[PDB]
Amino acid sequence: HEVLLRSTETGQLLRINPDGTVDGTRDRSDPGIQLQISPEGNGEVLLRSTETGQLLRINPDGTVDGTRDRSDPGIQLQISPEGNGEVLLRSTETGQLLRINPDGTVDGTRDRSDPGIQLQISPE
């Protein structure tokens, strides 16, 4: 059961790249967009790339990238629904919201008014 994470604003899909960078793409054939949700209990989940096995990480400096370190505190995420299939994704450790920017860069923010935090999650 894989899912795709998508910006409501632009339709750009979140991608975890083989080089560990995380960004957005409109390429539905990119293998870096297929993600697996793994429950950690207590309302937390991990997001893992099927293609390379890398985990999505939101870092304390606001950068977002891929890691293999299961002990990294930045991998714990919470999916908070806003209604009608729109969600916010936050780091447990720092409370930062994942943001997909219109230029396809991906980073962390605290701005609840930022259009790039508005995400959709759909099954593959």
# chains A, B, ... in the order shown; residues from 1 in each chain; ligands from 1
call {"tool": "residues_around", "arguments": {"residues": "residue A:41", "least_positions_apart": "6", "cutoff": "12 Å", "atoms": "only C-alpha atoms", "output": "ChimeraX atom specification"}}
result
/A:76-78
call {"tool": "write_last_selection", "arguments": {"atoms": "C-alpha atoms", "output": "PDB file, in the first residue's frame"}}
result
ATOM      1  CA  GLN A  76       8.545  11.049  13.345  1.00  0.00           C
ATOM      2  CA  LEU A  77       5.626  12.733  11.579  1.00  0.00           C
ATOM      3  CA  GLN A  78       1.999  13.475  12.382  1.00  0.00           C
TER       4      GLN A  78
END
call {"tool": "closest_residue", "arguments": {"among": "A:56, A:82, A:64, A:73", "to": "residue A:99", "atoms": "only C-alpha atoms"}}
result
A:64
call {"tool": "residues_around", "arguments": {"residues": "residue A:25", "least_positions_apart": "5", "cutoff": "10 Å", "atoms": "only C-alpha atoms", "output": "list in words"}}
result
residues 6, 7, 10, 11, 12, 13, 14, 15, 30, 32, 33, 103, 104 and 105 of chain A
call {"tool": "closest_residue", "arguments": {"among": "A:2, A:40, A:65, A:114", "to": "residue A:18", "atoms": "only C-alpha atoms"}}
result
A:65
call {"tool": "closest_atom_pairs", "arguments": {"of": "stretch 20-80 of chain A", "to": "stretch 115-119 of chain A", "cutoff": "12 Å", "atoms": "only C-alpha atoms", "output": "tab-separated table"}}
result
residue	atom	partner	partner_atom	distance
A:24	CA	A:116	CA	11.1
A:79	CA	A:119	CA	9.8
A:80	CA	A:119	CA	10.1
call {"tool": "atom_distance", "arguments": {"atom1": "atom CA of residue A:101", "atom2": "atom CA of residue A:9"}}
result
8.9 Å
call {"tool": "closest_residue", "arguments": {"among": "A:59, A:50, A:34, A:21", "to": "residue A:121", "atoms": "only C-alpha atoms"}}
result
A:34
call {"tool": "select_by_dssp", "arguments": {"residues": "stretch 5-70 of chain A", "states": "strand (DSSP E)", "output": "PyMOL selection string"}}
result
chain A and resi 5-7+13-16+22-25+35-41+44-49+55-58+64-67
call {"tool": "write_last_selection", "arguments": {"atoms": "C-alpha atoms", "output": "PDB file, in the first residue's frame"}}
result
ATOM      1  CA  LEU A   5       1.775  13.206  -1.223  1.00  0.00           C
ATOM      2  CA  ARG A   6       0.633  16.137  -3.338  1.00  0.00           C
ATOM      3  CA  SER A   7       0.570  19.932  -2.996  1.00  0.00           C
ATOM      4  CA  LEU A  13       4.116  15.442  -5.949  1.00  0.00           C
ATOM      5  CA  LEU A  14       6.618  14.974  -3.137  1.00  0.00           C
ATOM      6  CA  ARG A  15       9.651  12.978  -4.206  1.00  0.00           C
ATOM      7  CA  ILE A  16      12.490  11.456  -2.157  1.00  0.00           C
ATOM      8  CA  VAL A  22      13.461  15.937  -1.223  1.00  0.00           C
ATOM      9  CA  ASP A  23      11.523  18.104  -3.672  1.00  0.00           C
ATOM     10  CA  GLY A  24       8.408  18.318  -5.847  1.00  0.00           C
ATOM     11  CA  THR A  25       7.696  17.081  -9.345  1.00  0.00           C
ATOM     12  CA  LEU A  35       5.820   6.396  -0.300  1.00  0.00           C
ATOM     13  CA  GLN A  36       4.874   3.921   2.418  1.00  0.00           C
ATOM     14  CA  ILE A  37       3.327   4.975   5.709  1.00  0.00           C
ATOM     15  CA  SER A  38       4.513   3.027   8.737  1.00  0.00           C
ATOM     16  CA  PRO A  39       2.733   3.508  12.065  1.00  0.00           C
ATOM     17  CA  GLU A  40       4.856   4.280  15.122  1.00  0.00           C
ATOM     18  CA  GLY A  41       1.884   4.479  17.483  1.00  0.00           C
ATOM     19  CA  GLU A  44       3.110   9.184  14.714  1.00  0.00           C
ATOM     20  CA  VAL A  45       4.156   7.710  11.386  1.00  0.00           C
ATOM     21  CA  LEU A  46       7.229   7.340   9.199  1.00  0.00           C
ATOM     22  CA  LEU A  47       7.181   8.053   5.469  1.00  0.00           C
ATOM     23  CA  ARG A  48       9.519   5.800   3.500  1.00  0.00           C
ATOM     24  CA  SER A  49      10.510   5.758  -0.167  1.00  0.00           C
ATOM     25  CA  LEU A  55      12.909   7.870   5.340  1.00  0.00           C
ATOM     26  CA  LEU A  56      11.560  11.423   5.094  1.00  0.00           C
ATOM     27  CA  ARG A  57      13.152  13.691   7.702  1.00  0.00           C
ATOM     28  CA  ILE A  58      12.274  17.241   8.781  1.00  0.00           C
ATOM     29  CA  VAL A  64      13.858  18.428   4.671  1.00  0.00           C
ATOM     30  CA  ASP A  65      15.727  15.434   3.284  1.00  0.00           C
ATOM     31  CA  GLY A  66      16.101  11.649   3.260  1.00  0.00           C
ATOM     32  CA  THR A  67      17.823   9.526   5.904  1.00  0.00           C
TER      33      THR A  67
END
call {"tool": "closest_residue", "arguments": {"among": "A:43, A:31, A:20, A:53", "to": "residue A:91", "atoms": "only C-alpha atoms"}}
result
A:43
call {"tool": "closest_residue", "arguments": {"among": "A:120, A:28, A:51, A:102", "to": "residue A:81", "atoms": "only C-alpha atoms"}}
result
A:120
call {"tool": "atom_distance", "arguments": {"atom1": "atom CA of residue A:92", "atom2": "atom CA of residue A:74"}}
result
7.5 Å
call {"tool": "closest_residue", "arguments": {"among": "A:96, A:1, A:8, A:29", "to": "residue A:112", "atoms": "only C-alpha atoms"}}
result
A:96
call {"tool": "atom_distance", "arguments": {"atom1": "atom CA of residue A:60", "atom2": "atom CA of residue A:95"}}
result
9.5 Å
call {"tool": "decode", "arguments": {"residues": "stretch 29-92 of chain A", "atoms": "C-alpha atoms", "output": "compact mmCIF listing (two decimals), in the first residue's frame"}}
result
# COMPACT_ATOMS: atom_id res chain seq x y z
CA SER A 29 6.43 8.33 -13.63
CA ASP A 30 9.16 9.30 -11.16
CA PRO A 31 9.80 6.32 -8.87
CA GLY A 32 10.71 8.60 -5.96
CA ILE A 33 7.09 9.62 -5.37
CA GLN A 34 5.85 6.25 -4.09
CA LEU A 35 5.82 6.40 -0.30
CA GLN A 36 4.87 3.92 2.42
CA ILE A 37 3.33 4.97 5.71
CA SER A 38 4.51 3.03 8.74
CA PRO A 39 2.73 3.51 12.06
CA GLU A 40 4.86 4.28 15.12
CA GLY A 41 1.88 4.48 17.48
CA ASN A 42 0.85 7.52 19.54
CA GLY A 43 -0.31 9.28 16.38
CA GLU A 44 3.11 9.18 14.71
CA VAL A 45 4.16 7.71 11.39
CA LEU A 46 7.23 7.34 9.20
CA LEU A 47 7.18 8.05 5.47
CA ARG A 48 9.52 5.80 3.50
CA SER A 49 10.51 5.76 -0.17
CA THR A 50 9.67 2.42 -1.76
CA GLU A 51 12.37 2.85 -4.40
CA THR A 52 15.37 3.49 -2.14
CA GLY A 53 14.15 2.74 1.38
CA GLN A 54 14.99 6.24 2.59
CA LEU A 55 12.91 7.87 5.34
CA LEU A 56 11.56 11.42 5.09
CA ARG A 57 13.15 13.69 7.70
CA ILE A 58 12.27 17.24 8.78
CA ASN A 59 15.37 18.77 10.38
CA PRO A 60 15.62 21.33 13.22
CA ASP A 61 17.19 23.89 10.85
CA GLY A 62 14.11 23.72 8.61
CA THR A 63 15.60 21.60 5.83
CA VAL A 64 13.86 18.43 4.67
CA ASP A 65 15.73 15.43 3.28
CA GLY A 66 16.10 11.65 3.26
CA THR A 67 17.82 9.53 5.90
CA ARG A 68 18.46 5.86 6.71
CA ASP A 69 18.78 6.52 10.46
CA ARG A 70 15.79 5.02 12.30
CA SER A 71 16.97 6.77 15.49
CA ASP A 72 16.83 10.24 13.94
CA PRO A 73 14.13 12.22 15.80
CA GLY A 74 13.23 14.13 12.65
CA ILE A 75 11.55 11.14 10.99
CA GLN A 76 8.54 11.05 13.34
CA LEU A 77 5.63 12.73 11.58
CA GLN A 78 2.00 13.47 12.38
CA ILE A 79 -0.72 13.67 9.73
CA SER A 80 -3.39 16.19 10.78
CA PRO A 81 -6.49 16.31 8.54
CA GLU A 82 -8.15 19.65 7.85
CA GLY A 83 -11.20 18.25 6.11
CA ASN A 84 -12.18 16.96 2.66
CA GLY A 85 -8.91 15.08 2.26
CA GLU A 86 -6.66 18.07 2.92
CA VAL A 87 -3.96 17.48 5.55
CA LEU A 88 -1.08 19.15 7.37
CA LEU A 89 2.12 17.15 8.01
CA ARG A 90 4.19 18.05 11.09
CA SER A 91 7.43 16.88 12.67
CA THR A 92 6.78 15.59 16.19
